[PDB]
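**Q**
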Amino acid sequence: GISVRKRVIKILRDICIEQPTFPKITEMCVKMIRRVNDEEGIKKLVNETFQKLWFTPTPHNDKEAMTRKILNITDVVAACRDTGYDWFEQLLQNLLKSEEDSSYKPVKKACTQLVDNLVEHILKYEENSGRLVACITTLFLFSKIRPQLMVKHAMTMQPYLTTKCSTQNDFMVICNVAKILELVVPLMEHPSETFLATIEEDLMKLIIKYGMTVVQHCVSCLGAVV
DNA sequence: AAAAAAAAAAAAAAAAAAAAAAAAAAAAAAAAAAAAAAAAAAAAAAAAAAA
DNA sequence: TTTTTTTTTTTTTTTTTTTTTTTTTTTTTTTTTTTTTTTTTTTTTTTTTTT
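What follows is the structure, encoded as structure tokens:
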């Protein structure tokens, strides 16, 4: 039906607003993102619900609550990583595209603040690694949907690319950061040539030391940058 | 004796028209939510008048 | 100069109306069947005409 859908989603919104730290939050987010493309009215309501639940300007005070929301989003994505990313990406298309006009640009500021604050969290991380790779993966998705949001920090992302370990999650770091570089390098405003030099050098160094899929997904980036 | 060609009514046959019916879809109505607009009211500000 | 009084603007609340959405019900044009009538065509005998 179309009634029942609206009613159950209303109940879910009240649940996720009122008494957080309930266990089943993540799954609720997974199901609601699963239903983003089904209809029209449902689409409008989920769009406005997600615009008020996460992507709000979040003024620069009480940063701990903001970090807790960040924890929420990272948990959601890291749990839905198994099935697929298509619904999330479609949702992101909807939220970004749906405001092409000036219209005070409410979301652009907030999203850029989410990515830079995640960068900063990554910075102070310094050394749970599942959460690290999940955050980098979230960075990857946010780059894929729109590349302008992650233009400034790629040179700061370079040191992770240089050396890493022989564990799976680390390999996921290597492939995802290569993917990000592939996505962002052509749009980077006036890069430095030595930066490209060391990029290409360690890319070859990575090729000569690791498995199949990582070699594939990095020589891809090599072809793109060349 | 012979013979050919043309008409007229009656008979068939296929296409179109006229009842008869069945089913999808447009319409209407009710409820109820969500929104929008208008009226009013409360507070803030800026000017004007007197001591 | 300062104190006291007036007026305009801004913003929030509320109430009535409007819009929306679904759902259920209804009644209508649409679609198919059957018939069946008409009209055209056909035939065959009759009539007309020719040798």
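The first sequence maps to residues 1861 to 1987, 1998 to 2096 in PDB author numbering.
Using N, Cα and C, we set each Cβ at its ideal position, and we do this for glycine too.
(1) If you count every other CB in all the chains shown that lies within 10 Å of the CB of residue 1998, and 16 or more means buried, which is it?
(2) Thinking C-beta only, is residue 1955 closer than 8 Å to residue 1915?
(3) Give a yes or no on whether the C-beta atoms belonging to residue 2052 and residue 2004 are separated by under 8 Å.
(4) Classify residue 2042 as buried or exposed, calling it buried when 16 or more other Cβ atoms lie within 10 Å of its own Cβ.
(5) Please return the same chain residues whose Cβ sits closer than 6 Å to the Cβ of residue 2055, not counting the five positions on each side in sequence.
(6) For residue 1993, which three-state DSSP category applies?
(7) Would you please state the rounded distance, in angstroms, between the beta carbons of residue 2011 and residue 1978? I believe it to be under 8 Å.
(8) Does the distance from the CB of residue 1895 to the CB of residue 1902 come in under 8 Å?
(9) Check the C-beta distance from residue 1972 over to residue 2019 and give it rounded, since I have them as a contact under 8 Å.
(10) On a Cα-Cα basis, can you pick out the residue from 2078, 1920, 2059, 1946 that is closest to residue 2021?
(11) Using CA coordinates, which residue listed in 1918, 1984, 1911 is at the minimum distance from residue 1974?
(12) With DSSP collapsed to three states, give me the class of residue 2096.
(13) Pick out whichever of 1980, 2081, 1963 has its Cα sitting closest to the Cα of residue 1988.
(14) Can you check whether the CB of residue 1909 is closer than 8 Å to the CB of residue 1865?
(15) Using only CA atoms, which one of 2032, 1911, 2031 lies nearest to residue 1959?
(16) From 2048, 2028, 2047, pick the residue whose C-alpha is nearest to that of residue 2068; which is it?
(17) Please determine, among 1892, 1922, 2049, 2065, the residue with the shortest C-alpha to C-alpha distance to residue 2090.
(18) Run through DSSP, which three-state label would residue 1944 get?
**A** In brief:
(1) Sequence index remark: in the first sequence, residue 1998 carries index 128 (1-based). It counts as exposed.
(2) Locating residue 1915 in the first sequence gives position 55, where the first residue counts as 1. Locating residue 1955 in the first sequence gives position 95, where the first residue counts as 1. Yes, these two residues count as a Cβ contact at 8 Å.
(3) The residue you call residue 2052 lines up with position 182 of the first sequence. The residue you call residue 2004 lines up with position 134 of the first sequence. No, Cβ-Cβ distance for residue 2052 and residue 2004 is not below 8 Å.
(4) Position 172 of the first sequence holds residue 2042. Buried: at least 16 other Cβ atoms inside 10 Å.
(5) Along the first sequence, read from residue 1 onward, the residue named residue 2055 stands at position 185. Cβ within range, chain order: 2095.
(6) Here the chain breaks off after 1987 and picks up again at 1998, leaving residue 1993 without coordinates.
(7) Here residue 2011 refers to the residue found at position 141 of the first sequence. Here residue 1978 refers to the residue found at position 118 of the first sequence. Actually they do not touch by this definition, with Cβ atoms about 12 Å apart.
(8) Translated into positions along the first sequence, residue 1895 becomes position 35. Translated into positions along the first sequence, residue 1902 becomes position 42. Cβ distance < 8 Å, so residue 1895 and residue 1902 count as in contact.
(9) Translated into positions along the first sequence, residue 1972 becomes position 112. Translated into positions along the first sequence, residue 2019 becomes position 149. Confirmed, Cβ separation roughly 6 Å.
(10) As a first step, residue 2021 must be located in the first sequence, where it is residue number 151. Selected option, being the one with the closest Cα: 2059.
(11) By 1-based counting over the first sequence, the position of residue 1974 is 114. The candidate whose alpha carbon is nearest that of residue 1974 is 1918.
(12) Within the first sequence, the letter at position 226 stands for residue 2096. Residue 2096: coil per DSSP, three-state reduction.
(13) Because the chain is numbered from 1987 directly to 1998, the model contains no atoms for residue 1988.
(14) For this step, residue 1865 is matched to residue 5 along the first sequence. For this step, residue 1909 is matched to residue 49 along the first sequence. Contact: no.
(15) Translated into the one-based positions of the first sequence, residue 1959 becomes position 99. For the residues 2032, 1911, 2031, the minimum Cα distance to residue 1959 belongs to 1911.
(16) Indexing the first sequence from 1 puts residue 2068 at position 198. That would be 2028, whose Cα lies nearest to the Cα of residue 2068.
(17) Taking the first sequence and counting its residues from 1, the one referred to as residue 2090 is at position 220. For residue 2090, the nearest C-alpha among the options comes from 2049.
(18) Walking along the first sequence from the start, residue 1944 turns up at place 84. In the structure shown, residue 1944 sits in coil (DSSP, three-state: anything other than H, G, I, E or B).
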